[PDB]
Amino acid sequence: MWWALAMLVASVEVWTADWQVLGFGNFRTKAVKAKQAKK
Amino acid sequence: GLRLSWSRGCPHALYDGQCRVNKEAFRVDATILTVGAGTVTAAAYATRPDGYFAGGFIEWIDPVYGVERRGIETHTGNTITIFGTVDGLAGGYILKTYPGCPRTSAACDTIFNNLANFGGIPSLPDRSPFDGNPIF
Amino acid sequence: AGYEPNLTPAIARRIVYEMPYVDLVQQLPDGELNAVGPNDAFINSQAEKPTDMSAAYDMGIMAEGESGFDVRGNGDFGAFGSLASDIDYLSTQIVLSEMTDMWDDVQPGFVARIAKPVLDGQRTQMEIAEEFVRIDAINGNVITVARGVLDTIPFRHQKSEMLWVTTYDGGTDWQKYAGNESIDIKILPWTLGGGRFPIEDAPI
Amino acid sequence: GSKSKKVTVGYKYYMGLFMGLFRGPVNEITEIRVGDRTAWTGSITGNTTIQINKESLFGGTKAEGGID
Ligand SMILES: [Fe+3]
């Protein structure tokens, strides 16, 4: 919800965009965050 | 944020918490023989081989700043060059000068004897894939 | 829960018996069929498929002097039928149940072998009702066949028995085991992602 | 011709590999998968050694693959 507080500057929430890469592309399951390398 | 990034050379900053090369084992210090335009000269530097301080830094105490640390970009004989500017230097206080490192596996092995604490992977298998073309 | 992803192997009903001359004629190329002396014998058997993911069954044989059930020879699960009408010696209209998936693949005139429970004393084939019957035409669950076709006089049966069709199907190592060389065997089913059944825990 | 005791076969590979998973010692590593199939399970809590031996997950002398 901190996005909701971030949009506290709005003029009043629909969106349409592509993504800037994050850590989703999977090759090793992580039941907990051990972070990862980057190659 | 980008830190680890497997490579042919370790990304560790020399003397950091992971390279862990001793801060004292590689001390070098000497008073300035002559300050110059973006360059410094000292007797101790002459005793070292060329490029010994490439990526190193000089250290001393300023009557107000206290501790001051700034990098070295090149070394040769008694002469060195600094990445940053010169804030004024005097041939009094000794410049506690630290060597840098090529950051190669051979560099960390020979110079530092720290190969056992190295973060670079020499045998990154040329990204030998398991797709596209016949292999294995 | 993955919508039934399990494909591991498991035990299943099986039956074994000595390979008859008809089996050698059907499965043995004529180029080497001659020179099969009178002292030769062949092993054959059939078993039901326990799971859909099962592919075939490997045959483990531990003959006289052998150490451990050696894995040699494999067979395909033939169609199976459970006799449930207590047919008599001359019975022709075979009323049975348990119509296996492959039970309808037998063409008219095929050859099937009947049997009963086997155990100490019942292992002997001289008295045990082991009869080869030639299937004539299927009638749904009931199938029309002949009695005592090739190498067994027709006999009687009791409900809940087992009927196995063996035309062009079976499993053996193709070893000319000599007579009196009794061996102990265990048929192990196998699956793609589960491999073979327990290494040696299968019955014998 | 001769029986499978001496015949051409589907060919094994003989060499291993080395994988860099991620930074930092972790409390335990639980399970290892191959080709979207649950191959081996086990809690590894430190520098240790094990062996993966269920080659049956893919095949062998009658089917393709199978880690070991
Ligand atoms: Fe280093």
# chains A, B, ... in the order shown; residues from 1 in each chain; ligands from 1
$ residues_around --residues "region 47-60 of chain B" --least-positions-apart "3" --cutoff "7 Å" --atoms "only C-alpha atoms" --output "MDAnalysis selection string"
chainID B and resid 44 67:77 93:101
$ write_last_selection --atoms "N, CA and C atoms" --output "PDB file, in the first residue's frame"
ATOM      1  N   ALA B  44      60.243   6.148  -1.072  1.00  0.00           N
ATOM      2  CA  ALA B  44      59.742   4.788  -0.906  1.00  0.00           C
ATOM      3  C   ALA B  44      59.203   4.233  -2.217  1.00  0.00           C
ATOM      4  N   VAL B  67      41.633  12.491   9.123  1.00  0.00           N
ATOM      5  CA  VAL B  67      42.008  11.464   8.161  1.00  0.00           C
ATOM      6  C   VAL B  67      41.572  11.886   6.762  1.00  0.00           C
ATOM      7  N   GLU B  68      42.482  11.737   5.799  1.00  0.00           N
ATOM      8  CA  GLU B  68      42.199  12.004   4.396  1.00  0.00           C
ATOM      9  C   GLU B  68      42.744  10.869   3.543  1.00  0.00           C
ATOM     10  N   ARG B  69      41.871  10.307   2.710  1.00  0.00           N
ATOM     11  CA  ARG B  69      42.217   9.159   1.877  1.00  0.00           C
ATOM     12  C   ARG B  69      41.724   9.415   0.461  1.00  0.00           C
ATOM     13  N   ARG B  70      42.627   9.320  -0.514  1.00  0.00           N
ATOM     14  CA  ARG B  70      42.272   9.518  -1.912  1.00  0.00           C
ATOM     15  C   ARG B  70      43.186   8.668  -2.784  1.00  0.00           C
ATOM     16  N   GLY B  71      42.680   8.322  -3.973  1.00  0.00           N
ATOM     17  CA  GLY B  71      43.245   7.230  -4.737  1.00  0.00           C
ATOM     18  C   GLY B  71      44.483   7.596  -5.535  1.00  0.00           C
ATOM     19  N   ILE B  72      45.135   6.548  -6.038  1.00  0.00           N
ATOM     20  CA  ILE B  72      46.283   6.646  -6.931  1.00  0.00           C
ATOM     21  C   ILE B  72      45.916   5.957  -8.237  1.00  0.00           C
ATOM     22  N   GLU B  73      46.228   6.604  -9.360  1.00  0.00           N
ATOM     23  CA  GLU B  73      45.903   6.056 -10.669  1.00  0.00           C
ATOM     24  C   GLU B  73      47.092   5.442 -11.395  1.00  0.00           C
ATOM     25  N   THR B  74      48.322   5.756 -10.999  1.00  0.00           N
ATOM     26  CA  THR B  74      49.483   5.221 -11.700  1.00  0.00           C
ATOM     27  C   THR B  74      50.719   5.412 -10.837  1.00  0.00           C
ATOM     28  N   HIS B  75      51.681   4.504 -11.000  1.00  0.00           N
ATOM     29  CA  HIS B  75      52.951   4.579 -10.294  1.00  0.00           C
ATOM     30  C   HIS B  75      54.082   4.233 -11.252  1.00  0.00           C
ATOM     31  N   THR B  76      55.229   4.876 -11.044  1.00  0.00           N
ATOM     32  CA  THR B  76      56.422   4.588 -11.838  1.00  0.00           C
ATOM     33  C   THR B  76      57.631   5.127 -11.093  1.00  0.00           C
ATOM     34  N   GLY B  77      58.586   4.254 -10.790  1.00  0.00           N
ATOM     35  CA  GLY B  77      59.771   4.693 -10.073  1.00  0.00           C
ATOM     36  C   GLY B  77      59.392   5.397  -8.791  1.00  0.00           C
ATOM     37  N   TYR B  93      54.320  15.526   6.903  1.00  0.00           N
ATOM     38  CA  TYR B  93      53.620  14.285   7.206  1.00  0.00           C
ATOM     39  C   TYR B  93      53.897  13.227   6.147  1.00  0.00           C
ATOM     40  N   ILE B  94      53.992  11.975   6.593  1.00  0.00           N
ATOM     41  CA  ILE B  94      54.167  10.864   5.671  1.00  0.00           C
ATOM     42  C   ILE B  94      52.846  10.559   4.974  1.00  0.00           C
ATOM     43  N   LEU B  95      52.929  10.223   3.689  1.00  0.00           N
ATOM     44  CA  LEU B  95      51.771   9.780   2.920  1.00  0.00           C
ATOM     45  C   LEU B  95      51.661   8.270   3.062  1.00  0.00           C
ATOM     46  N   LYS B  96      50.767   7.823   3.935  1.00  0.00           N
ATOM     47  CA  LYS B  96      50.514   6.397   4.090  1.00  0.00           C
ATOM     48  C   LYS B  96      49.883   5.909   2.791  1.00  0.00           C
ATOM     49  N   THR B  97      50.668   5.202   1.985  1.00  0.00           N
ATOM     50  CA  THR B  97      50.292   4.839   0.626  1.00  0.00           C
ATOM     51  C   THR B  97      50.058   3.337   0.554  1.00  0.00           C
ATOM     52  N   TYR B  98      48.942   2.934  -0.052  1.00  0.00           N
ATOM     53  CA  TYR B  98      48.575   1.530  -0.112  1.00  0.00           C
ATOM     54  C   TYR B  98      48.625   1.040  -1.552  1.00  0.00           C
ATOM     55  N   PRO B  99      49.163  -0.150  -1.812  1.00  0.00           N
ATOM     56  CA  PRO B  99      49.150  -0.677  -3.180  1.00  0.00           C
ATOM     57  C   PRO B  99      47.754  -1.087  -3.615  1.00  0.00           C
ATOM     58  N   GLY B 100      47.531  -1.027  -4.918  1.00  0.00           N
ATOM     59  CA  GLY B 100      46.303  -1.498  -5.525  1.00  0.00           C
ATOM     60  C   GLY B 100      46.400  -2.955  -5.912  1.00  0.00           C
ATOM     61  N   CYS B 101      45.740  -3.306  -7.009  1.00  0.00           N
ATOM     62  CA  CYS B 101      45.803  -4.672  -7.507  1.00  0.00           C
ATOM     63  C   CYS B 101      45.225  -4.754  -8.915  1.00  0.00           C
TER      64      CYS B 101
END
$ interface_residues --of "chain D" --to "chain C" --cutoff "10 Å" --atoms "only C-alpha atoms" --output "NGL selection string"
:D and (3-5 or 37 or 39 or 54-60 or 62-64 or 66)
$ interface_residues --of "chain D" --to "chain A" --cutoff "9 Å" --atoms "only C-alpha atoms" --output "PyMOL selection string"
chain D and resi 20-26
$ write_last_selection --atoms "N, CA and C atoms" --output "JSON list (two decimals), in the first residue's frame"
[["chain", "number", "residue", "atom", "x", "y", "z"],
["D", 20, "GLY", "N", 27.54, -22.43, -10.06],
["D", 20, "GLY", "CA", 27.52, -21.37, -9.07],
["D", 20, "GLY", "C", 26.11, -20.91, -8.79],
["D", 21, "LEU", "N", 25.57, -21.29, -7.63],
["D", 21, "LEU", "CA", 24.15, -21.07, -7.35],
["D", 21, "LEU", "C", 23.88, -19.62, -6.97],
["D", 22, "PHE", "N", 24.45, -19.15, -5.86],
["D", 22, "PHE", "CA", 24.16, -17.81, -5.37],
["D", 22, "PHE", "C", 25.02, -17.53, -4.15],
["D", 23, "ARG", "N", 25.03, -16.26, -3.75],
["D", 23, "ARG", "CA", 25.90, -15.79, -2.68],
["D", 23, "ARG", "C", 25.38, -16.22, -1.31],
["D", 24, "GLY", "N", 26.31, -16.38, -0.37],
["D", 24, "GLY", "CA", 25.97, -16.48, 1.02],
["D", 24, "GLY", "C", 25.62, -17.89, 1.46],
["D", 25, "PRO", "N", 26.28, -18.39, 2.50],
["D", 25, "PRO", "CA", 25.83, -19.64, 3.12],
["D", 25, "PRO", "C", 24.37, -19.52, 3.54],
["D", 26, "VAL", "N", 23.61, -20.58, 3.28],
["D", 26, "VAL", "CA", 22.19, -20.63, 3.61],
["D", 26, "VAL", "C", 21.98, -21.70, 4.67]]
$ residues_near_ligand --ligand "ligand 1" --cutoff "10 Å" --atoms "only C-alpha atoms and all ligand atoms" --output "short mmCIF file (atom, residue, chain, number, x, y, z; two decimals) with N, CA, C and O atoms, in the first residue's frame"
data_model
loop_
_atom_site.label_atom_id
_atom_site.label_comp_id
_atom_site.auth_asym_id
_atom_site.auth_seq_id
_atom_site.Cartn_x
_atom_site.Cartn_y
_atom_site.Cartn_z
N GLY B 9 37.41 -11.95 -13.21
CA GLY B 9 38.12 -11.30 -12.12
C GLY B 9 37.18 -10.95 -10.99
O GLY B 9 36.02 -10.57 -11.23
N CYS B 10 37.65 -11.06 -9.75
CA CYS B 10 36.78 -10.81 -8.61
C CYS B 10 36.36 -9.34 -8.58
O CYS B 10 37.17 -8.46 -8.86
N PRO B 11 35.09 -9.06 -8.25
CA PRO B 11 34.66 -7.66 -8.11
C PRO B 11 35.02 -7.04 -6.77
O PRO B 11 34.71 -5.87 -6.55
N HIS B 12 35.64 -7.80 -5.87
CA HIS B 12 35.94 -7.30 -4.54
C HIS B 12 36.81 -6.05 -4.63
O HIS B 12 37.76 -5.99 -5.41
N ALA B 13 36.48 -5.05 -3.82
CA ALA B 13 37.35 -3.91 -3.63
C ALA B 13 38.50 -4.31 -2.71
O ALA B 13 38.28 -4.95 -1.68
N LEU B 14 39.72 -3.96 -3.10
CA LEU B 14 40.88 -4.37 -2.32
C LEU B 14 40.76 -3.87 -0.89
O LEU B 14 40.35 -2.74 -0.63
N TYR B 15 41.11 -4.75 0.06
CA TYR B 15 41.04 -4.50 1.49
C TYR B 15 39.61 -4.45 2.01
O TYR B 15 39.39 -3.98 3.13
N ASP B 16 38.63 -4.91 1.23
CA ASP B 16 37.25 -4.89 1.68
C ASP B 16 36.98 -6.06 2.62
O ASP B 16 37.86 -6.86 2.94
N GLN B 18 35.43 -8.77 2.15
CA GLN B 18 35.45 -10.09 1.52
C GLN B 18 36.81 -10.46 0.95
O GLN B 18 37.24 -11.60 1.11
N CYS B 19 37.49 -9.54 0.27
CA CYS B 19 38.87 -9.81 -0.12
C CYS B 19 39.74 -10.05 1.11
O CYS B 19 40.58 -10.95 1.12
N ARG B 20 39.54 -9.24 2.15
CA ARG B 20 40.06 -9.51 3.48
C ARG B 20 41.59 -9.51 3.53
O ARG B 20 42.18 -10.07 4.46
N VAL B 21 42.24 -8.89 2.54
CA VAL B 21 43.69 -8.75 2.62
C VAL B 21 44.03 -7.83 3.78
O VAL B 21 43.41 -6.79 3.99
N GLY B 100 47.53 -1.03 -4.92
CA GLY B 100 46.30 -1.50 -5.52
C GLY B 100 46.40 -2.96 -5.91
O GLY B 100 47.05 -3.76 -5.24
N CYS B 101 45.74 -3.31 -7.01
CA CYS B 101 45.80 -4.67 -7.51
C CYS B 101 45.22 -4.75 -8.91
O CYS B 101 44.21 -4.11 -9.20
N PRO B 102 45.84 -5.53 -9.82
CA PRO B 102 45.18 -5.80 -11.11
C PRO B 102 43.85 -6.51 -10.97
O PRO B 102 43.07 -6.52 -11.93
N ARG B 103 43.56 -7.10 -9.81
CA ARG B 103 42.31 -7.81 -9.52
C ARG B 103 42.19 -9.12 -10.29
O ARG B 103 41.11 -9.72 -10.30
N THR B 104 43.26 -9.58 -10.93
CA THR B 104 43.24 -10.87 -11.59
C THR B 104 43.57 -11.98 -10.59
O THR B 104 44.16 -11.75 -9.54
N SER B 105 43.16 -13.20 -10.94
CA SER B 105 43.44 -14.34 -10.08
C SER B 105 44.94 -14.48 -9.84
O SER B 105 45.39 -14.65 -8.70
N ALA B 106 45.74 -14.38 -10.91
CA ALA B 106 47.19 -14.40 -10.75
C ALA B 106 47.67 -13.24 -9.90
O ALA B 106 48.60 -13.40 -9.11
N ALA B 107 47.05 -12.07 -10.06
CA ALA B 107 47.45 -10.92 -9.26
C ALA B 107 47.17 -11.16 -7.78
O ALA B 107 48.05 -10.94 -6.93
N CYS B 108 45.96 -11.61 -7.45
CA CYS B 108 45.63 -11.85 -6.05
C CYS B 108 46.46 -12.99 -5.47
O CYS B 108 46.71 -13.02 -4.26
N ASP B 109 46.89 -13.93 -6.30
CA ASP B 109 47.71 -15.04 -5.82
C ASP B 109 49.14 -14.58 -5.55
O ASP B 109 49.64 -14.70 -4.42
N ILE B 111 50.88 -11.43 -5.72
CA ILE B 111 51.18 -10.26 -4.91
C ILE B 111 50.68 -10.45 -3.48
O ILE B 111 51.43 -10.27 -2.51
N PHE B 112 49.42 -10.84 -3.32
CA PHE B 112 48.76 -10.82 -2.02
C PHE B 112 48.81 -12.14 -1.27
O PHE B 112 48.62 -12.14 -0.05
N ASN B 113 49.05 -13.26 -1.95
CA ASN B 113 48.94 -14.57 -1.33
C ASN B 113 47.54 -14.77 -0.75
O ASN B 113 47.36 -15.44 0.27
N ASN B 114 46.54 -14.18 -1.41
CA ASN B 114 45.15 -14.22 -0.96
C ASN B 114 44.26 -15.03 -1.90
O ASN B 114 43.04 -14.83 -1.92
N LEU B 115 44.85 -15.93 -2.68
CA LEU B 115 44.06 -16.72 -3.63
C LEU B 115 42.97 -17.50 -2.92
O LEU B 115 41.87 -17.67 -3.45
N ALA B 116 43.25 -17.99 -1.71
CA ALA B 116 42.26 -18.74 -0.96
C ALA B 116 41.06 -17.88 -0.57
O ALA B 116 40.04 -18.43 -0.15
N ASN B 117 41.16 -16.56 -0.68
CA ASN B 117 40.06 -15.67 -0.37
C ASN B 117 39.71 -14.82 -1.58
O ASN B 117 39.52 -13.61 -1.48
N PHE B 118 39.63 -15.46 -2.75
CA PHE B 118 39.39 -14.79 -4.01
C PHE B 118 37.96 -15.05 -4.48
O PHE B 118 37.43 -16.15 -4.31
N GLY B 119 37.35 -14.03 -5.07
CA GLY B 119 35.96 -14.10 -5.47
C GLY B 119 35.76 -14.19 -6.97
O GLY B 119 34.62 -14.29 -7.44
N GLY B 120 36.85 -14.14 -7.74
CA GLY B 120 36.76 -14.24 -9.19
C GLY B 120 36.91 -15.68 -9.65
O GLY B 120 37.67 -16.46 -9.08
#
$ select_by_dssp --residues "chain B" --states "helix (DSSP H, G or I)" --output "ChimeraX atom specification"
/B:43-46,105-110,115-117
$ interface_residues --of "chain D" --to "chain B" --cutoff "10 Å" --atoms "only C-alpha atoms" --output "list in words"
residues 12, 13, 14, 15, 16, 17, 18, 19, 20, 22 and 23 of chain D
$ select_by_dssp --residues "region 11-105 of chain C" --states "strand (DSSP E)" --output "compact mmCIF listing (two decimals) with N, CA and C atoms, in the first residue's frame"
# COMPACT_ATOMS: atom_id res chain seq x y z
N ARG C 14 0.75 -62.01 -12.44
CA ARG C 14 1.66 -62.56 -13.43
C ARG C 14 1.48 -64.07 -13.49
N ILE C 15 1.88 -64.65 -14.62
CA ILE C 15 1.80 -66.09 -14.84
C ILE C 15 2.96 -66.51 -15.73
N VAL C 16 3.52 -67.68 -15.44
CA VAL C 16 4.67 -68.21 -16.16
C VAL C 16 4.42 -69.67 -16.49
N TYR C 17 5.17 -70.17 -17.48
CA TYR C 17 5.05 -71.55 -17.92
C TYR C 17 6.14 -71.81 -18.96
N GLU C 18 6.38 -73.09 -19.23
CA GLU C 18 7.39 -73.48 -20.20
C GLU C 18 6.95 -73.10 -21.60
N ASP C 40 16.35 -78.89 -25.54
CA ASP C 40 16.22 -77.45 -25.36
C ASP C 40 14.85 -77.10 -24.80
N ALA C 41 14.80 -75.99 -24.06
CA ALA C 41 13.56 -75.49 -23.48
C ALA C 41 13.61 -73.97 -23.45
N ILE C 43 11.62 -70.32 -21.80
CA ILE C 43 10.80 -69.77 -20.73
C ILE C 43 9.91 -68.67 -21.29
N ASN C 44 8.66 -68.63 -20.82
CA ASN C 44 7.71 -67.62 -21.25
C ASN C 44 6.72 -67.37 -20.12
N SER C 45 6.09 -66.20 -20.17
CA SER C 45 5.13 -65.81 -19.14
C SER C 45 4.35 -64.60 -19.62
N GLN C 46 3.32 -64.25 -18.85
CA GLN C 46 2.50 -63.08 -19.14
C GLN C 46 2.04 -62.47 -17.82
N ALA C 47 1.78 -61.17 -17.85
CA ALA C 47 1.34 -60.45 -16.66
C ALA C 47 0.50 -59.26 -17.08
N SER C 54 2.71 -47.54 -17.10
CA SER C 54 3.63 -48.66 -17.25
C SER C 54 3.84 -48.96 -18.73
N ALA C 55 5.09 -49.26 -19.09
CA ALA C 55 5.46 -49.52 -20.48
C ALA C 55 5.58 -51.01 -20.77
N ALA C 56 6.44 -51.71 -20.03
CA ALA C 56 6.68 -53.13 -20.25
C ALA C 56 7.15 -53.74 -18.94
N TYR C 57 7.62 -54.99 -19.00
CA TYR C 57 8.07 -55.70 -17.81
C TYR C 57 9.37 -56.43 -18.13
N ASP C 58 10.37 -56.25 -17.27
CA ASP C 58 11.62 -56.97 -17.38
C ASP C 58 11.52 -58.28 -16.61
N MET C 59 12.27 -59.28 -17.08
CA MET C 59 12.24 -60.62 -16.51
C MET C 59 13.53 -60.86 -15.75
N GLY C 60 13.40 -61.14 -14.45
CA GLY C 60 14.53 -61.51 -13.62
C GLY C 60 14.53 -63.01 -13.40
N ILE C 61 15.64 -63.65 -13.78
CA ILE C 61 15.76 -65.10 -13.74
C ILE C 61 16.96 -65.46 -12.87
N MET C 62 16.77 -66.42 -11.97
CA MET C 62 17.83 -66.95 -11.11
C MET C 62 17.79 -68.47 -11.27
N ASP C 70 19.16 -62.57 -12.35
CA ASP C 70 19.75 -61.78 -13.42
C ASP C 70 18.65 -61.18 -14.29
N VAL C 71 18.82 -59.92 -14.67
CA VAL C 71 17.85 -59.21 -15.49
C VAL C 71 18.20 -59.47 -16.95
N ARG C 72 17.40 -60.32 -17.61
CA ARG C 72 17.61 -60.64 -19.01
C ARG C 72 16.27 -60.97 -19.64
N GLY C 73 16.00 -60.38 -20.80
CA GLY C 73 14.76 -60.61 -21.50
C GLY C 73 13.60 -59.81 -20.93
N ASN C 74 12.76 -59.27 -21.80
CA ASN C 74 11.61 -58.48 -21.39
C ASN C 74 10.41 -58.85 -22.25
N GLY C 75 9.22 -58.60 -21.71
CA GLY C 75 7.99 -58.94 -22.41
C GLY C 75 6.98 -57.82 -22.30
N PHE C 80 -5.48 -59.82 -20.66
CA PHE C 80 -5.85 -60.73 -19.60
C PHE C 80 -7.36 -60.82 -19.49
N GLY C 81 -7.84 -61.99 -19.08
CA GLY C 81 -9.26 -62.21 -18.88
C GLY C 81 -9.54 -63.10 -17.68
N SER C 82 -10.48 -62.69 -16.83
CA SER C 82 -10.78 -63.40 -15.59
C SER C 82 -11.98 -64.31 -15.84
N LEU C 83 -11.73 -65.61 -15.91
CA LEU C 83 -12.81 -66.58 -16.07
C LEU C 83 -13.75 -66.51 -14.87
N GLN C 93 -18.53 -71.37 -25.44
CA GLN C 93 -18.90 -69.98 -25.22
C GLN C 93 -18.31 -69.55 -23.88
N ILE C 94 -17.20 -68.83 -23.92
CA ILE C 94 -16.47 -68.45 -22.72
C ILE C 94 -17.11 -67.18 -22.16
N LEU C 96 -16.77 -64.59 -19.39
CA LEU C 96 -15.77 -64.10 -18.45
C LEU C 96 -15.97 -62.60 -18.27
N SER C 97 -15.10 -62.00 -17.46
CA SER C 97 -15.16 -60.58 -17.17
C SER C 97 -13.73 -60.04 -17.16
$ atom_distance --atom1 "CA of residue 51 (chain D)" --atom2 "CA of residue 11 (chain D)"
21.4 Å
$ atom_distance --atom1 "CA of residue 145 (chain C)" --atom2 "CA of residue 92 (chain C)"
5.8 Å
$ closest_residue --among "B:135, B:85, B:127, B:80" --to "chain A" --atoms "only C-alpha atoms"
B:127
